[PDB]
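Enquirer: Got a structure here, written out as structure tokens. Questions coming.
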Amino acid sequence: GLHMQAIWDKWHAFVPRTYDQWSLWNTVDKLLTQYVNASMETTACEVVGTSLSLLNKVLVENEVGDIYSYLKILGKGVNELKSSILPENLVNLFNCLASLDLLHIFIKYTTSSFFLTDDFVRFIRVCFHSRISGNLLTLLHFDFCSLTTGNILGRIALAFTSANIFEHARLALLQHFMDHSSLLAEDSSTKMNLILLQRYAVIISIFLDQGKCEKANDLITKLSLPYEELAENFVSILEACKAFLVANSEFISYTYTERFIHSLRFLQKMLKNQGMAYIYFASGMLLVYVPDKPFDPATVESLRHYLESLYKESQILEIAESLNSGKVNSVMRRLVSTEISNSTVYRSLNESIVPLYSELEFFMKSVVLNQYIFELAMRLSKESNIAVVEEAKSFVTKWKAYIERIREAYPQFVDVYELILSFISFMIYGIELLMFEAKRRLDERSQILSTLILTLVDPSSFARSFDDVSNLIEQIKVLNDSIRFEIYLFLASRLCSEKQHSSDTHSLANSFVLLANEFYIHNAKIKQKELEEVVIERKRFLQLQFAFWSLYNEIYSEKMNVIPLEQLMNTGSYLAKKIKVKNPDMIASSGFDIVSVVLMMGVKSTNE
């Protein structure tokens with residue numbers, strides 16, 4: 001049981017009411033499905049979809065007929081596009097751009113927005129660029145990598161190893177990211193912290209309406225100027241708890257949501273605080289939307305058969321007043337005549353929602369079971385070996401299966417399904433922060449490898465270390481190795497470049513000594529294999545050791561340090577390209593450092 005009808009009246013958003021309006025929506029959906037599949041020709045098809053957008057906007061203004069004409073014209077052009085590339089992978093980069101698009105779409109838009117904004121048009125261009133399963137959820141109105149730029153590494157892996165069309169699409173996604181430059185540059189998931197804050201603020205506005213303190217709290221909550229929002233977010237959470245006192249009981253997950261939020265608003269390891277506050281507020285608002293039966297903002301047919309009885313008795317009154325006198329009027333007739341003197345809903349002529357209610361009842365009865373929820377809170381406390389990451393994956397997978405079965409059927413209950421989708425999105429955001437922390441604390445050697453790859457590739461990593469050289473040597477011990485020996489040579493090249501600027505006797509000499517002991521152990525392993533393709537690998541290792549002793553002697557010479565930092569940068573770029581060719585695993589990701597400086601190195605990865 002819940003109230004949930006004024007809540008369903010709180011948004012009660014615009015949607016198709018006429019059967020013809022919903023038919024036009026479905027036709028436009030099939031049209032864009034054929035149409036958003038596949039240069040400057042892509043910008044032309046973007047203008048074509050923009051024409052489709054303005055046309056469906058006119059259709060939303062209750063305009064018919066000429067819609068069917070321009071639709072037949074669009075169908076001719078769509079069969080033409082069906083008549084008039086380069087198979088690959090890592091389209092998850094395009095999905096990440098779509099995630100950033102939905103992020104910016106929620107981000108700058110607090111009031112009403114049909115998403116016609118210009119950057120948003122570029123997002124639509126990338127969305128047509130990137131075919132997706134979902135039926136325009138955003139139009140009607142994919143999150144996890146908020147700190148994980150390691151798929152950028154997969155982009156570097158895509159940059160590691162038709163091919164001209166691949167470099168063309170590389171430059172395409174590159175110019176798109178140059179357009180998506182400021183579209184994520186501000187605050188990785190600290191923006192999403194404010195977004196969950198805005199979702200909680202939406203629940204807070206949904207609490208009370210005309211209470212002047214609550215109206216002022218929702219107004220200031222609507223007054224989320226992002227600098228001032230980050231300034232008084234704590235005052236907002238405090239006043240939120242204060243108004244939560246003013247309401248009724250059972251706000252326990254809602255109260256602890258604010259506690260874990262103030263942590264996630266401030267705390268490192270706050271992915272746990274993020275998932276905790278997200279799951280707690282999601283449980284609060286989900287129980288807020290938890291009626292035991294259907295009562296939304298969603299007939300009077302007694303007037304139908306009533307006026308039918310009035311009219312048919314008026315007819316019978318005339319047919320009897322015939323046999324009374326023979327003129328067509330009566331006091332009975334004038335009486336029943338004076339008695340006969342006495343929006344945009346969906347066309348609901350049959351709404352047998354018992355099966356759809358049972359379908360929602362299974363997915364929310366697992367929630368009424370809540371052993372998923374309770375066991376997830378228990379695992380999200382601590383103590384996961386590895387199995388809870390796979391458990392959160394399987395739970396979100398069964399959730400995605402139920403969500404797909406939901407997005408498949410049920411022509412009715414559309415707004416209810418949309419609200420359930422937003423709620424399951426918040427739950428999956430909590431589950432995402434949780435499974436992310438689970439993979440983080442599960443193991444980190446490949447994450448240490450990813451940090452080393454970030455140490456292998458950044459100008460911040462190229463800023464200016466011998467103990468850190470020993471740390472990297474311990475990583476190489478923990479780390480093929482001849483390619484890692486080439487990486488050690490690249491490190492020695494950086495050492496010689498820093499040697500050029502200024503000279504420290506202890507660091508330079510002990511560093512060369514460390515590299516010498518490394519090469520000595522390498523020659524030891526080489527002679528051990530000699531006591532024992534791979535021979536060509538040993539030959540390449542011999543050529544490598546030849547260049548090593550040559551540059552060592554030249555470094556022990558140090559006659560003239562002609563080391564171009566441009567060539568050093570291209571060398572670090574090629575080392576990163578070899579590392580992108582090296583990495584075979586699918587688990588780790590970037591620890592929220594950069595993807596744009598990586599795109600600045602991705603610029604070199606596409607060029608030269």
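If you're wondering about the labels, chains in the structure tokens are A, B, ... by order shown, residues count from 1 in each chain, ligands from 1 in order shown.
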If we count only C-alpha atoms, what is near range 492-495 of chain A at a cut-off of 12 Å, once residues fewer than 2 positions away on the same chain are taken out, given as a ChimeraX atom specification?
Expert: /A:456,459,461-466,469,485-490,497-504,507-516,518-519,547-549,551-552,554-555,561-565,567-569,571-572,575
Enquirer: Output C-alpha atoms of each residue in that selection to a file, as a compact mmCIF listing (two decimals), in the first residue's frame.
Expert:
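The resulting file, result-v5.txt, is shown below:
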# COMPACT_ATOMS: atom_id res chain seq x y z
CA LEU A 456 53.83 4.50 -18.29
CA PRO A 459 52.86 13.99 -18.97
CA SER A 461 54.01 10.71 -15.28
CA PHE A 462 56.55 12.54 -17.43
CA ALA A 463 56.91 15.40 -14.94
CA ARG A 464 60.28 14.72 -13.30
CA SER A 465 62.49 8.68 -8.19
CA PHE A 466 65.17 6.09 -7.59
CA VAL A 469 62.52 3.16 -9.72
CA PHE A 485 62.97 -4.64 -20.44
CA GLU A 486 62.29 -2.29 -23.35
CA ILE A 487 60.09 -0.35 -20.96
CA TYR A 488 63.04 -0.33 -18.56
CA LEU A 489 65.08 1.05 -21.44
CA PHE A 490 62.45 3.73 -21.98
CA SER A 497 66.79 13.07 -20.45
CA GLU A 498 66.57 14.20 -16.84
CA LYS A 499 70.33 13.64 -16.69
CA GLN A 500 70.59 16.30 -19.40
CA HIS A 501 68.83 19.00 -17.36
CA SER A 502 70.92 18.60 -14.21
CA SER A 503 73.14 15.92 -12.70
CA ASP A 504 72.94 14.26 -9.29
CA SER A 507 70.81 9.17 -8.28
CA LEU A 508 72.40 8.87 -11.72
CA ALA A 509 75.10 6.44 -10.65
CA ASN A 510 72.95 4.31 -8.36
CA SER A 511 70.21 4.37 -11.00
CA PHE A 512 72.63 3.08 -13.62
CA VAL A 513 73.76 0.54 -11.02
CA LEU A 514 70.18 -0.60 -10.53
CA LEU A 515 69.67 -0.89 -14.28
CA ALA A 516 72.96 -2.76 -14.42
CA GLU A 518 68.63 -5.60 -13.71
CA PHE A 519 70.51 -6.32 -16.93
CA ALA A 547 71.38 -1.26 -27.83
CA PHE A 548 71.31 -1.26 -24.02
CA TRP A 549 75.08 -1.46 -23.64
CA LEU A 551 73.25 3.63 -25.00
CA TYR A 552 74.80 2.77 -21.64
CA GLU A 554 77.07 6.51 -24.70
CA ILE A 555 75.45 7.44 -21.40
CA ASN A 561 72.70 14.65 -24.90
CA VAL A 562 70.80 15.21 -28.16
CA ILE A 563 67.48 13.90 -26.83
CA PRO A 564 64.41 15.50 -28.44
CA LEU A 565 61.56 15.72 -25.97
CA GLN A 567 61.07 12.25 -29.91
CA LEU A 568 60.92 11.30 -26.24
CA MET A 569 57.18 11.95 -26.34
CA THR A 571 58.84 7.19 -27.74
CA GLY A 572 56.59 7.16 -24.69
CA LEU A 575 55.76 2.45 -25.56
Enquirer: Excluding same-chain residues fewer than 6 positions from range 98-106 of chain A, what lies within 7 Å of it counting only C-alpha atoms, as a list in words?
Expert: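 The contact residues come out as residues 123, 127, 142, 143, 183 and 184 of chain A.
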Enquirer: Taking into account only C-alpha atoms, which residue in the set A:311, A:427, A:366, A:359 is nearest to residue 338 in chain A?
Expert: A:311
Enquirer: How close does range 355-387 of chain A get to range 270-291 of chain A? List, as CSV, each residue of range 355-387 of chain A within 10 Å, its nearest atom pair and the distance in Å to one decimal, counting only C-alpha atoms.
Expert:
residue,atom,partner,partner_atom,distance
A:364,CA,A:290,CA,8.8
A:367,CA,A:283,CA,9.5
A:368,CA,A:287,CA,10.0
A:373,CA,A:279,CA,8.8
A:376,CA,A:279,CA,9.8
A:377,CA,A:276,CA,8.2
A:380,CA,A:272,CA,7.6
A:381,CA,A:272,CA,8.5
A:382,CA,A:272,CA,9.9
Enquirer: Include N, CA, C and O atoms and write out the residues we just selected as a PDB file, in the first residue's frame.
Expert:
ATOM      1  N   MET A 364       8.972  -7.362  -7.762  1.00  0.00           N
ATOM      2  CA  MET A 364       8.928  -6.614  -6.516  1.00  0.00           C
ATOM      3  C   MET A 364       8.607  -7.525  -5.340  1.00  0.00           C
ATOM      4  O   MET A 364       8.536  -7.067  -4.199  1.00  0.00           O
ATOM      5  N   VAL A 367      11.866  -8.281  -4.242  1.00  0.00           N
ATOM      6  CA  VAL A 367      12.089  -7.137  -3.369  1.00  0.00           C
ATOM      7  C   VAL A 367      11.334  -7.266  -2.057  1.00  0.00           C
ATOM      8  O   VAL A 367      11.819  -6.774  -1.027  1.00  0.00           O
ATOM      9  N   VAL A 368      10.169  -7.910  -2.057  1.00  0.00           N
ATOM     10  CA  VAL A 368       9.465  -8.167  -0.809  1.00  0.00           C
ATOM     11  C   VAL A 368      10.120  -9.324  -0.081  1.00  0.00           C
ATOM     12  O   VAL A 368      10.038  -9.434   1.148  1.00  0.00           O
ATOM     13  N   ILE A 373      18.285  -7.796  -1.294  1.00  0.00           N
ATOM     14  CA  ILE A 373      18.614  -6.485  -0.738  1.00  0.00           C
ATOM     15  C   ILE A 373      19.393  -6.628   0.563  1.00  0.00           C
ATOM     16  O   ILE A 373      20.408  -5.952   0.779  1.00  0.00           O
ATOM     17  N   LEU A 376      22.759  -8.230  -0.028  1.00  0.00           N
ATOM     18  CA  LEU A 376      23.590  -7.265  -0.725  1.00  0.00           C
ATOM     19  C   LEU A 376      24.120  -6.211   0.228  1.00  0.00           C
ATOM     20  O   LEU A 376      25.273  -5.794   0.113  1.00  0.00           O
ATOM     21  N   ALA A 377      23.295  -5.777   1.186  1.00  0.00           N
ATOM     22  CA  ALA A 377      23.772  -4.834   2.193  1.00  0.00           C
ATOM     23  C   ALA A 377      24.829  -5.477   3.079  1.00  0.00           C
ATOM     24  O   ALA A 377      25.818  -4.831   3.457  1.00  0.00           O
ATOM     25  N   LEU A 380      27.904  -5.699   1.069  1.00  0.00           N
ATOM     26  CA  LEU A 380      28.389  -4.364   0.762  1.00  0.00           C
ATOM     27  C   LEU A 380      28.976  -3.702   1.993  1.00  0.00           C
ATOM     28  O   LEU A 380      29.625  -2.655   1.892  1.00  0.00           O
ATOM     29  N   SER A 381      28.709  -4.270   3.171  1.00  0.00           N
ATOM     30  CA  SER A 381      29.469  -3.881   4.352  1.00  0.00           C
ATOM     31  C   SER A 381      30.951  -4.165   4.151  1.00  0.00           C
ATOM     32  O   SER A 381      31.760  -3.237   4.036  1.00  0.00           O
ATOM     33  N   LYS A 382      31.312  -5.438   4.045  1.00  0.00           N
ATOM     34  CA  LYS A 382      32.690  -5.870   3.835  1.00  0.00           C
ATOM     35  C   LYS A 382      32.661  -7.337   3.430  1.00  0.00           C
ATOM     36  O   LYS A 382      31.608  -7.884   3.081  1.00  0.00           O
TER      37      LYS A 382
END
Enquirer: Can you pull out the residues contacting residue 526 in chain A? Cut-off 12 Å, using only C-alpha atoms, and skip same-chain residues under 3 positions away; I want them as a ChimeraX atom specification.
Expert: /A:481-482,519-523,529-532,534-535,537-542,545
Enquirer: Could you save those same residues with N, CA and C atoms as an mmCIF file, in the first residue's frame?
Expert:
data_model
loop_
_atom_site.group_PDB
_atom_site.id
_atom_site.type_symbol
_atom_site.label_atom_id
_atom_site.label_comp_id
_atom_site.auth_asym_id
_atom_site.auth_seq_id
_atom_site.Cartn_x
_atom_site.Cartn_y
_atom_site.Cartn_z
ATOM 1 N N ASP A 481 58.497 -9.743 -20.618
ATOM 2 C CA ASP A 481 59.539 -9.155 -19.794
ATOM 3 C C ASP A 481 60.625 -8.490 -20.615
ATOM 4 N N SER A 482 60.903 -9.005 -21.810
ATOM 5 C CA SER A 482 61.790 -8.305 -22.724
ATOM 6 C C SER A 482 61.134 -7.041 -23.245
ATOM 7 N N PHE A 519 70.001 -5.700 -15.715
ATOM 8 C CA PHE A 519 70.512 -6.320 -16.929
ATOM 9 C C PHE A 519 71.371 -7.531 -16.606
ATOM 10 N N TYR A 520 72.002 -7.535 -15.434
ATOM 11 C CA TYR A 520 72.788 -8.682 -15.010
ATOM 12 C C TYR A 520 71.892 -9.865 -14.705
ATOM 13 N N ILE A 521 70.773 -9.616 -14.026
ATOM 14 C CA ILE A 521 69.822 -10.685 -13.753
ATOM 15 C C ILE A 521 69.134 -11.124 -15.037
ATOM 16 N N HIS A 522 68.962 -10.196 -15.979
ATOM 17 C CA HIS A 522 68.391 -10.548 -17.272
ATOM 18 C C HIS A 522 69.336 -11.424 -18.072
ATOM 19 N N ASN A 523 70.627 -11.095 -18.064
ATOM 20 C CA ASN A 523 71.625 -11.932 -18.712
ATOM 21 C C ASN A 523 71.765 -13.263 -17.994
ATOM 22 N N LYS A 529 68.312 -19.854 -19.694
ATOM 23 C CA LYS A 529 67.569 -20.389 -20.829
ATOM 24 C C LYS A 529 68.502 -20.971 -21.881
ATOM 25 N N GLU A 530 69.709 -20.415 -22.004
ATOM 26 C CA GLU A 530 70.708 -20.947 -22.918
ATOM 27 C C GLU A 530 71.196 -22.321 -22.493
ATOM 28 N N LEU A 531 71.311 -22.559 -21.186
ATOM 29 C CA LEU A 531 71.578 -23.907 -20.704
ATOM 30 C C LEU A 531 70.412 -24.836 -21.000
ATOM 31 N N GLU A 532 69.192 -24.314 -20.964
ATOM 32 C CA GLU A 532 68.016 -25.085 -21.322
ATOM 33 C C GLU A 532 67.955 -25.289 -22.831
ATOM 34 N N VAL A 534 61.060 -18.334 -30.117
ATOM 35 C CA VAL A 534 61.628 -18.064 -28.801
ATOM 36 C C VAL A 534 63.127 -17.860 -28.918
ATOM 37 N N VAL A 535 63.756 -18.558 -29.859
ATOM 38 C CA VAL A 535 65.138 -18.258 -30.194
ATOM 39 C C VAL A 535 65.225 -16.909 -30.890
ATOM 40 N N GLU A 537 63.109 -14.616 -30.220
ATOM 41 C CA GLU A 537 62.901 -13.739 -29.077
ATOM 42 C C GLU A 537 64.206 -13.493 -28.337
ATOM 43 N N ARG A 538 65.024 -14.533 -28.183
ATOM 44 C CA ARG A 538 66.323 -14.366 -27.547
ATOM 45 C C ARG A 538 67.264 -13.550 -28.417
ATOM 46 N N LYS A 539 67.104 -13.638 -29.734
ATOM 47 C CA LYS A 539 67.926 -12.850 -30.641
ATOM 48 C C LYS A 539 67.539 -11.381 -30.583
ATOM 49 N N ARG A 540 66.236 -11.108 -30.522
ATOM 50 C CA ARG A 540 65.775 -9.744 -30.318
ATOM 51 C C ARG A 540 66.194 -9.225 -28.952
ATOM 52 N N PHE A 541 66.264 -10.113 -27.959
ATOM 53 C CA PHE A 541 66.779 -9.737 -26.650
ATOM 54 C C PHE A 541 68.260 -9.414 -26.720
ATOM 55 N N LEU A 542 68.991 -10.126 -27.572
ATOM 56 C CA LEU A 542 70.404 -9.837 -27.758
ATOM 57 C C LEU A 542 70.599 -8.488 -28.433
ATOM 58 N N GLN A 545 69.881 -5.935 -25.793
ATOM 59 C CA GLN A 545 70.995 -5.768 -24.871
ATOM 60 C C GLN A 545 72.156 -5.063 -25.548
#
Enquirer: Might you pull out every residue within 9 Å of residue 154 in chain A, with only C-alpha atoms counted and same-chain residues fewer than 4 positions away left off, and present them as a ChimeraX atom specification?
Expert: /A:90,93,150,158-160,580
Enquirer: With C-alpha atoms retained, export the selected residues as a PDB file, in the first residue's frame.
Expert:
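Saved the output as out-v9.pdb:
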ATOM      1  CA  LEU A  90      34.896  -1.453 -28.896  1.00  0.00           C
ATOM      2  CA  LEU A  93      33.383   3.722 -26.507  1.00  0.00           C
ATOM      3  CA  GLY A 150      40.267   2.018 -18.744  1.00  0.00           C
ATOM      4  CA  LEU A 158      41.715  -0.344 -30.497  1.00  0.00           C
ATOM      5  CA  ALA A 159      44.499   2.105 -31.333  1.00  0.00           C
ATOM      6  CA  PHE A 160      47.037  -0.704 -30.838  1.00  0.00           C
ATOM      7  CA  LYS A 580      48.170  -1.447 -25.466  1.00  0.00           C
TER       8      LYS A 580
END
Enquirer: With only C-alpha atoms as the basis for distance, which of A:292, A:339, A:46, A:258 is at the shortest distance from residue 307 in chain A?
Expert: A:339
Enquirer: Quick one: residues within 10 Å of residue 8 in chain A, only C-alpha atoms, excluding same-chain residues fewer than 6 positions away - as a PyMOL selection string?
Expert: chain A and resi 206+289+295-298+415-416+419
Enquirer: Find the residues around range 167-179 of chain A up to 8 Å (only C-alpha atoms counted), leave out those fewer than 3 positions away in its own chain, and share them as a list in words.
Expert: residues 39, 94, 97, 119, 122, 126, 163, 164, 182, 183, 599, 603 and 606 of chain A
Enquirer: Export, as a PDB file, in the first residue's frame, the selected residues with N, CA and C atoms.
Expert:
ATOM      1  N   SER A  39      30.024  10.429 -42.203  1.00  0.00           N
ATOM      2  CA  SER A  39      30.877  11.555 -42.566  1.00  0.00           C
ATOM      3  C   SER A  39      30.122  12.865 -42.413  1.00  0.00           C
ATOM      4  N   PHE A  94      31.488   4.203 -27.961  1.00  0.00           N
ATOM      5  CA  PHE A  94      30.316   4.964 -28.372  1.00  0.00           C
ATOM      6  C   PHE A  94      29.227   4.900 -27.312  1.00  0.00           C
ATOM      7  N   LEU A  97      30.264   7.409 -24.771  1.00  0.00           N
ATOM      8  CA  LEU A  97      29.850   8.724 -25.235  1.00  0.00           C
ATOM      9  C   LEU A  97      28.354   8.932 -25.040  1.00  0.00           C
ATOM     10  N   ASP A 119      24.585  20.932 -28.273  1.00  0.00           N
ATOM     11  CA  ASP A 119      25.585  19.920 -27.948  1.00  0.00           C
ATOM     12  C   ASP A 119      24.821  18.616 -28.033  1.00  0.00           C
ATOM     13  N   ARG A 122      24.757  17.130 -31.181  1.00  0.00           N
ATOM     14  CA  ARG A 122      25.949  16.323 -31.421  1.00  0.00           C
ATOM     15  C   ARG A 122      25.838  14.975 -30.727  1.00  0.00           C
ATOM     16  N   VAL A 126      26.024  11.354 -32.423  1.00  0.00           N
ATOM     17  CA  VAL A 126      26.766  10.188 -31.965  1.00  0.00           C
ATOM     18  C   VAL A 126      25.815   9.040 -31.673  1.00  0.00           C
ATOM     19  N   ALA A 163      41.242  -0.760 -42.540  1.00  0.00           N
ATOM     20  CA  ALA A 163      42.188  -0.100 -41.651  1.00  0.00           C
ATOM     21  C   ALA A 163      42.225   1.404 -41.858  1.00  0.00           C
ATOM     22  N   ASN A 164      42.161   1.858 -43.107  1.00  0.00           N
ATOM     23  CA  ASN A 164      41.964   3.271 -43.389  1.00  0.00           C
ATOM     24  C   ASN A 164      40.602   3.755 -42.922  1.00  0.00           C
ATOM     25  N   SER A 182      34.387  19.412 -23.110  1.00  0.00           N
ATOM     26  CA  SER A 182      33.863  19.964 -21.868  1.00  0.00           C
ATOM     27  C   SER A 182      32.631  19.203 -21.394  1.00  0.00           C
ATOM     28  N   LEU A 183      32.138  18.256 -22.204  1.00  0.00           N
ATOM     29  CA  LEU A 183      30.908  17.538 -21.874  1.00  0.00           C
ATOM     30  C   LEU A 183      31.090  16.571 -20.711  1.00  0.00           C
ATOM     31  N   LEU A 599      43.253  11.197 -24.571  1.00  0.00           N
ATOM     32  CA  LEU A 599      42.833  11.519 -25.928  1.00  0.00           C
ATOM     33  C   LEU A 599      43.868  12.391 -26.619  1.00  0.00           C
ATOM     34  N   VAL A 603      45.469  11.206 -29.769  1.00  0.00           N
ATOM     35  CA  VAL A 603      45.780  11.979 -30.966  1.00  0.00           C
ATOM     36  C   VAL A 603      47.065  11.479 -31.609  1.00  0.00           C
ATOM     37  N   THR A 606      46.428   7.951 -33.142  1.00  0.00           N
ATOM     38  CA  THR A 606      45.863   7.903 -34.483  1.00  0.00           C
ATOM     39  C   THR A 606      46.822   8.446 -35.533  1.00  0.00           C
TER      40      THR A 606
END
Enquirer: Would you list the contacts of residue 50 in chain A as a PyMOL selection string, taking every protein, DNA or RNA residue within 12 Å and counting only C-alpha atoms, but skipping same-chain residues closer than 5 positions in sequence?
Expert: chain A and resi 32+35-36+43-45+55-57+115-118+120-122+124-125+128
Enquirer: Write the residues of the preceding selection, restricted to C-alpha atoms, as a CSV table (one decimal), in the first residue's frame.
Expert:
chain,number,residue,atom,x,y,z
A,32,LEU,CA,14.2,6.1,-36.8
A,35,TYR,CA,17.0,5.6,-40.2
A,36,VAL,CA,19.6,6.0,-37.4
A,43,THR,CA,25.6,15.2,-40.4
A,44,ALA,CA,23.1,15.2,-43.3
A,45,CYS,CA,21.2,12.2,-41.8
A,55,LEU,CA,7.8,16.6,-37.3
A,56,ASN,CA,7.0,14.5,-34.3
A,57,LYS,CA,6.9,17.8,-32.3
A,115,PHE,CA,16.6,17.8,-25.6
A,116,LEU,CA,16.8,20.1,-28.6
A,117,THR,CA,20.0,21.7,-27.3
A,118,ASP,CA,22.9,22.0,-29.7
A,120,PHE,CA,22.6,17.6,-27.5
A,121,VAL,CA,22.4,17.6,-31.3
A,122,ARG,CA,25.9,16.3,-31.4
A,124,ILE,CA,22.1,12.8,-31.2
A,125,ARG,CA,24.7,12.6,-34.0
A,128,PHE,CA,22.8,7.8,-34.7
Enquirer: Quick one: distance from CA of residue 70 in chain A to CA of residue 42 in chain A in Å, one decimal?
Expert: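 About the pair CA of residue 70 in chain A and CA of residue 42 in chain A: they are 20.7 Å apart.
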Enquirer: Separation of CA of residue 16 in chain A and CA of residue 114 in chain A, in Å?
Expert: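 CA of residue 114 in chain A lies 14.8 Å from CA of residue 16 in chain A.
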Enquirer: I need the residues in range 206-297 of chain A that are helix (DSSP H, G or I) according to DSSP; give them as a ChimeraX atom specification.
Expert: /A:206-207,212-222,226-231,233-246,252-264,271-288
Enquirer: Grab the residues selected above and save them as a compact mmCIF listing (two decimals), in the first residue's frame with C-alpha atoms.
Expert:
# COMPACT_ATOMS: atom_id res chain seq x y z
CA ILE A 206 7.37 15.13 -3.87
CA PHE A 207 6.98 15.02 -0.08
CA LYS A 212 6.01 27.37 2.56
CA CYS A 213 9.11 25.94 4.22
CA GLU A 214 8.86 22.85 2.00
CA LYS A 215 8.15 25.01 -1.06
CA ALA A 216 11.21 27.13 -0.23
CA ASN A 217 13.29 23.98 0.26
CA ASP A 218 12.18 22.61 -3.11
CA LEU A 219 12.74 26.04 -4.69
CA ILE A 220 16.30 26.27 -3.38
CA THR A 221 16.59 22.62 -4.41
CA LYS A 222 15.42 23.81 -7.82
CA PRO A 226 26.25 24.43 -9.49
CA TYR A 227 28.74 26.57 -7.58
CA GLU A 228 26.06 27.53 -5.05
CA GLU A 229 24.79 23.94 -5.13
CA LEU A 230 28.19 22.62 -4.07
CA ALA A 231 28.45 25.47 -1.55
CA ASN A 233 24.74 21.05 -0.38
CA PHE A 234 25.38 20.31 3.29
CA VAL A 235 22.77 22.86 4.38
CA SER A 236 20.44 21.23 1.85
CA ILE A 237 20.98 17.76 3.34
CA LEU A 238 20.52 19.15 6.85
CA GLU A 239 17.26 20.89 5.95
CA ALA A 240 16.28 17.69 4.14
CA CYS A 241 16.65 15.68 7.34
CA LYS A 242 14.84 18.47 9.21
CA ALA A 243 11.86 18.30 6.85
CA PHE A 244 12.07 14.50 7.04
CA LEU A 245 11.35 14.90 10.74
CA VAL A 246 8.20 16.86 9.80
CA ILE A 252 14.74 4.82 8.13
CA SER A 253 16.42 4.07 4.79
CA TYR A 254 15.62 7.68 3.85
CA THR A 255 17.39 8.93 7.00
CA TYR A 256 20.45 6.67 6.60
CA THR A 257 20.49 7.72 2.94
CA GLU A 258 21.28 11.28 4.04
CA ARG A 259 24.02 10.00 6.35
CA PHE A 260 25.74 7.94 3.65
CA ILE A 261 25.16 10.82 1.24
CA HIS A 262 26.93 13.38 3.44
CA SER A 263 29.79 10.89 3.44
CA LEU A 264 29.58 10.54 -0.34
CA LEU A 271 32.25 4.59 -3.91
CA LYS A 272 30.95 2.56 -0.98
CA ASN A 273 29.30 5.69 0.43
CA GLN A 274 27.86 6.39 -3.02
CA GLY A 275 26.39 2.91 -3.46
CA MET A 276 25.19 2.95 0.16
CA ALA A 277 23.33 6.25 -0.11
CA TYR A 278 22.03 5.26 -3.55
CA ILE A 279 20.63 1.93 -2.33
CA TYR A 280 19.17 3.51 0.82
CA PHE A 281 17.43 6.39 -0.96
CA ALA A 282 16.40 4.01 -3.75
CA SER A 283 14.80 1.70 -1.18
CA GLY A 284 13.09 4.70 0.44
CA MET A 285 11.61 6.05 -2.77
CA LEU A 286 10.83 2.53 -4.01
CA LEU A 287 8.85 1.79 -0.88
CA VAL A 288 7.29 5.22 -1.46
Enquirer: Name the closest residue to residue 136 in chain A among the candidates A:209, A:247, A:153, A:407; distances are taken between atoms, counting only C-alpha atoms.
Expert: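 Smallest separation from residue 136 in chain A among the options: A:407.
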Enquirer: Between CA of residue 473 in chain A and CA of residue 447 in chain A, what distance in Å does the model show, to one decimal?
Expert: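 Computing it gives 16.5 Å between the two atoms.
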Enquirer: Using only C-alpha atoms for the distances, tell me which of A:37, A:108, A:324, A:69 is nearest to residue 81 in chain A.
Expert: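 Closest to residue 81 in chain A, using only C-alpha atoms: A:37.
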